[PDB]
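Chains as they are written, first to last, in this note's numbering: chain A, 204 to 565; chain B, 204 to 565; chain C, 49 to 333; chain D, 1168 to 1440; chain E, 1352 to 1786.
All C-beta atoms, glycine included, are put in the ideal place defined by N, C-alpha and C.
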Ligand SMILES: Nc1ncnc2c1ncn2[C@@H]1O[C@H](COP(=O)(O)OP(=O)(O)OP(=O)(O)O)[C@@H](O)[C@H]1O
Ligand SMILES: Nc1ncnc2c1ncn2[C@@H]1O[C@H](COP(=O)(O)OP(=O)(O)OP(=O)(O)O)[C@@H](O)[C@H]1O
Ligand SMILES: OC[C@H]1O[C@H](O[C@H]2O[C@H](CO)[C@@H](O)[C@H](O)[C@H]2O)[C@H](O)[C@@H](O)[C@@H]1O
Ligand SMILES: [Mg+2]
Ligand SMILES: [Mg+2]
């Protein structure tokens, strides 16, 4: 149901701050936060575990807190794996369902279909301990896929699998939830899974949330200059700047463009110190089209020596420090300062250090 | 030193069946492969654990295949963490230092510098039961980084960490090994971290190795038709073909007419069930001048209706099966009859069935 | 190497244990069987020679031994069976506590250190018509010690109360091993407070009950103290250990006391065999 | 949270009453004069302490309580230490834990002690120290070993295997994995075989009843049985069931010391990925 | 040096006597008492396992009177006629009460010298009974008449399934002729001739109608002698037969409120004392007034017989001394044993001891009657005293003769005679398993 987490907080002899937000039914939500940022603790709390300290949580219109974890019909896939060592995998998958409607003419098909889904149907003999990581993970995930509860709570559910297994699980994990079944709280810091699956993503840091938008409203218009420099693993590099509205600045350069976005920046008294926030995916090599049909694309890149290959398209360690730009595969460069680039000066994230709310979009 | 594995078979029915290769000093060997193909078993058989059945390991001028694992001087990080749940993180990292050489004036600073490296200085005196998952991972890596040992072995040492911290950790690991570390085997699945660290990768499926080439000659020119569908994450080789050396068609039209290497391609002279295997990172929209600053690169005029908008580099699913294609962000696309897809006909690497090598680069 | 480097350690590791266990117990066992091989009386020493299995065939062909056997067995299989079911609850209250910081955790363990004679006289005085804190609670002139069945009831109660801190300690020590994440996932997977037990917490300690279900049903099989000090043989209630005491110490009939000791060594070894075979996972395997 | 604090305060007295009222009746017998020992009345009237000053008459009970408080704290130590070696070698090792050592350590303890006493008596007669601690200690240890073997060989093989692996990797010789790796995790597995051995060798009266002669090593549970109040055929309830309230002091201040190492859930080193 | 062993129940008196014969007597050779446990059968087991080992020690030792000589039938305790031309048989029976000189002979010679004797005798509440019964068939008849009151009809005996049962049954057996085994140690003369059988069935019918008496109730099947000494002290018993300790017991107990319904609050002379565990030695005057106050409600009489005033030949007890055969030197033991039972030793052992001593004419002087005012009767209970059955093995036959009598209730007199006799036979021939 509509899980309304109104001002939740845990403490320790400090782990989450006021988590005021809601999660409607049917839609996803994907937490993401650097490392130890009240993330698995939020799931432990919204489950029956980790009794709250602030004093509010409402699964649906109810007032369900300090209640037994059993009476909240919530499934879970922990960061760790329970994976009861004495049972086999058949029983590990049938456990949460056999404490439910019993008839054995149901489990016999259920623990077979939900094991062919995760590609395990051939491995229904061994017991945990005789299984590798990419199999224990799948079994732990199946133990919550098989439940069909009123809420799926997957906590880093697919961490160590291969690429094609991951791209098939990301398919059959939403091709399953789309029928019905949950307001799921997915947890992952993968930067592709939080963009292809969630209907509403959530970035957080040390408890406090930052942005609760959609997987595109964050890549395009990020607020508070941290989700800005966080999502998009080749993180948006940050050049300094001066106030100078019309032509703002560059580390080596001042001429800029796009007055079509200063109509609202007109009303600003922000400190003159300004971060310009250019994402690397917007840069090209000027030896391709000079940016656009218009030759002028601010040919500025000079010093690049660390050209990491990465196959599909390579990364130049752009230095005017320690910036990164990405150029295409056929780019004829190998540790040579002949890579005068072309940035796109119609889209970029002006910012400042104090409040960093320079989103100024929509 | 020089770890020379020769036909290291293990099974208990199975496991890795035939593993024959060498690892000289200095270079990594980043093992990759799908879940349940045997990587952890390989690292264990290298470290002595899980005694090999019919193999002959070798390290330097001897045959260390039955010696005690204690007598090899080999650090390790497991899939699991194997963290001592009572020793506070301080002693938990200082443990290997408290086994052979114990000058406390040195141990009190080595562990401090190490905890500074891995961003653990704050949560340094705590027991690994009140830590997070990422922090447990970083501590299990810290227990192996501060040893200056005779060799390395790492088994997904950064599985659950944000990309931001992940890239810094990868750069630091590269620096450390650049100082000195021999045979830093590195089992990992994130394709973006198997092409920037490993100076040589080993793709394997069900024990048997596939290729031991550099991570450039692996993505550019794949072998055995599997290391093409496994690396290069959104890979695609679903296209059938029908050879007509001058006129050879495709499910869309004339594509492959490349006499500058077609000589070897015809020298192959193999069954007519060949596969072209066109990457997704080269199918494009109708924006750039086609061919190579030209036209008639077979604009596909595809009719699919599936778009994934992760970031500013979208993926279109096109079937008219289940093909995929990278597309620049500027192409305003939707779920209707839409963009004519143009493919550059210079990077094809045509495959063939019933033998499944068709390397076509030699 | 490792094969040699582990057994060369293990032999010198178990050397003192088995060495001491064979230095002062092999010859006594051999002598206790020798005394069974042939008639022997301490009242007339060296007045006897080899007789064979006469002692065995005469102890198996009486009625005074099957009676002392169908009582010790009928007491063991009802004392340990209730002791386990009560020790589970006692260990749970002893482990899931919030105030049991030595408050209950040791007040549940002092009733095991009380010496057996000073703790059997307590029950013998407790149940006497006229004298005893509870014997007066019964109706006028009850005396539940003169008749058979109430005597068996009180002799099994004085064993339950005595040895409950022996299987309310192993089922706790071997229960503090169960990791928290397992019980946590059992909790979140739709399992109450009982369905958790026998499903996720019990099959883990299955090698921790094999020590509290195999080292009790030996001692509670050779019950001698709480049945001799407490109505030692009235109306055919004597156990088998009292029958091995009477015919050996207070009769000097060694040639038969040794046979009656071996005849319960065998009958308890069959129980140990059945228990080791029924549990699978055990001490050696 | 009074809900889980009233149930847990009633089921915290309905045990400390059940397991205490006999150890209150023994006290009531111990604190009564020799005229009202047999009128019931669990709460004693006219309480006096003649029984304790009676048992403590010069050099009667002190030399039999020292000879036990200083023999238990030796049999426990030497039966856990060398009784843990074979346990660690049968649990975490391959060959020695055969069906021979186990099949012998299973028959040793279970054999009835009654028929076994006289051979040990006539052995210790002319072989060495018959009526002192080493003559009394060795049988205690030899009959307590199987307990301290089956209580450690079942809690020394429930340590997660990856912990042993991580101990091997760092280069820890087996004299250090047993000291800093596998021991503190089995702290609730050692303080449960260092208490049972103590309670077994502290209140048994089948061996020390015949294998002891004089004030030199006459233990308490046997110098507490042969008491004479005033007449031959009588039970000095002022000295039996009233010296137990003194012999139970160490078995209180020992459990109260070793109940700390029984700490709740202690291991977080599991799969976690 | 000679180191005689004595039970721990009466050991301080023997320590003082050992002193008075080792240090007070000339410096010939010292003596000690390295005692042995008080289990009363544990002691026999310990002595047996010591003498079997042939350990050259344990010169002289104290053995109970029931181990007449069957202890020394294989040669454990040396006879007296094998003295080093000493005075063994000339002093151990020069003149000693005709009773305890029977419980030391084996067949035709003595193997020991008795030091302590003990005889049962009725203890009746002199308050409400001026006619102490002298016939068992009238002894329970008195209680039947007395049934009007609720609890004085409790006949208190010692009939628990232990040595008490046989030591109370043998009195009644021999009080009408016949011996359990025989005048020797080969046969079982219990029911052979009708003369013998005319008595066993009446003994069984008197030991049945007292336990199924109109006033007697349960707790009489599991009653040893302690219940028999405490039923009279509580106030719910009128007849009870016990050893001669109960008079000192009552006179030192009923001071502390545990009275037999006589007031005996305690004169402020001894009440003015906080006397330690032992409440003895009030300079004999508080003792005098206490006994005089207990005179009217505490009466005794010679043991109640079954025959027409042929007094019941009681079954005596005590403790004898014997020189062991496990000593390569024994002359010193034979010399010291007769200095351990002499005038002063055997005077002290009862004057300020517990066990009634035995001498030629000790029981007939003002030097003895100051402690045992039942001496005029205890010196006659020791002449026609029916010893416990002479046997080459005792510990076996008794735990079968009492096992047959374990459920006293419903013994059905006329039946169980044959079962008891065949049980004794199976005990005496060596065939069967002891229960
Ligand atoms: N048992 C504990 N005792 C004290 N502090 C704790 C404990 N468990 C967690 N914390 C605190 O909370 C943090 C863990 O929060 P959370 O569960 O969200 O982390 P996580 O999601 O596992 O981390 P990550 O994904 O970065 O690995 C720790 O870094 C610590 O600051
Ligand atoms: N203890 C065991 N007993 C029997 N078979 C086992 C055992 N452990 C592993 N296996 C077999 O090995 C297979 C996995 O091989 P291995 O452990 O080498 O893979 P891995 O490379 O660690 O896996 P992944 O790549 O998914 O992390 C299992 O599917 C199983 O069949
Ligand atoms: O501690 C009292 C309980 O244990 C007793 O165990 C003793 O007797 C056993 C044989 O009968 C011996 O094996 C053991 O060594 C003794 O300690 C007894 O078994 C129980 O009846 C007591 O309740
Ligand atoms: Mg986490
Ligand atoms: Mg693996």
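- The shortest C-alpha to C-alpha distance from residue 1192(D) to any of 181(C), 271(C), 68(C), 289(C) is the one to 181(C).
- Along the segment 1377 to 1395 of chain D, there is no position whose C-beta sits under 8 Å from a C-beta of chain B.
- Boundaries of the alpha helix (DSSP H) harbouring residue 103(C): 102 to 107, taken from the DSSP string.
- Where residue 1652(E) is concerned, there is no enclosing alpha helix (DSSP H), although the beta strand (DSSP E) around it starts and stops at 1650 to 1652.
- In the DSSP annotation of this structure, residue 278(C) is not part of any alpha helix (DSSP H), being labelled neither H nor E.
- Short of 7 Å from the beta carbon of residue 1385(D), and not among the five residues preceding or following it, lie these beta carbons of its own chain, in chain order: 1231, 1234, 1379.
- Scanning its chain for C-beta atoms nearer than 7 Å, with the 5 sequence neighbours on each side dropped, one finds around residue 262(C) the residues 320, 323, in chain order.
- Distances from the alpha-carbon of residue 470(A) to those of 408(A), 507(A), 435(A), 561(A) put 561(A) closest.
- Distances from the CA of residue 1759(E) to each of 1410(E), 1675(E), 1560(E) were compared; the closest alpha carbon is that of 1560(E).
- Taking the Cβ atoms as the reference, residue 296(B) lies roughly 7 Å from residue 318(B), within the contact range of under 8 Å.
- Within the segment 196 to 240 of chain C, the complete alpha helix (DSSP H) segments of 4 residues or longer fall at 196 to 215, 218 to 221, 228 to 236, listed in chain order.
- Residue 552(B) has its CB no nearer than 7 Å to any heavy atom of ligand 1.
- If you draw a straight line from the Cα of residue 1490(E) to the Cα of residue 1656(E), it comes to about 9 Å.
- For ligand 2, a non-hydrogen atom lies closer than 7 Å to the CB of residue 240(B).
- For residue 517(B), the uninterrupted beta strand (DSSP E) segment begins and ends at 516 to 521.
- Judged by their CB atoms, residue 1523(E) and residue 1463(E) are not nearer to each other than the 8 Å cut-off.
- Cβ atoms of residue 270(C) and residue 289(C) come within 8 Å of each other, at about 4 Å.
- Within the segment 1353 to 1401 of chain E, the complete alpha helix (DSSP H) runs of at least 4 residues fall at 1363 to 1373.
- Chain-order list of chain A residues neighbouring residue 1438(D): 283, 284, 286, 339, by C-beta distance under 7 Å.
- Rounded to the nearest angstrom, the gap between the Cα atoms of residue 121(C) and residue 315(C) is 10 Å.
- Short note on residue 218(B): C-beta closer than 7 Å to some heavy atom of ligand 2.
- The DSSP-derived three-state label of residue 1170(D) is helix.
- Counting along the chain, residue 471(B) sits inside the alpha helix (DSSP H) bounded by residues 462 to 471.
- Contact with chain C is absent for residue 1345(D), since none of that chain's Cβ atoms lies less than 8 Å from the residue's Cβ.
- Under DSSP, residue 357(A) forms a beta bridge with 280(A).
- No residue range can be given for residue 383(A), since it is assigned to no beta strand (DSSP E) and is classified by DSSP as neither H nor E.
- Runs of the alpha helix (DSSP H) lying entirely within the segment 240 to 316 of chain B and spanning at least 4 residues, in chain order: 243 to 250, 292 to 297.
- Within chain D, the residues whose beta carbon sits less than 8 Å from that of residue 336(B) are 1439, 1440, listed in sequence order.
- Beta-bridge partners assigned by DSSP to residue 179(C): 176(C).
- Of all residues in the segment 367 to 391 of chain A, only 367, 368 place a beta-carbon less than 7 Å from a beta-carbon of chain B.
- With distances taken between CA atoms, residue 495(A) lies nearest to 547(A) out of 247(A), 346(A), 208(A), 547(A).
- Counting only runs of at least 3 residues, the segment 1444 to 1490 of chain E fully encloses the following beta strand (DSSP E) elements, listed from N- to C-terminal order: 1464 to 1467, 1472 to 1475.
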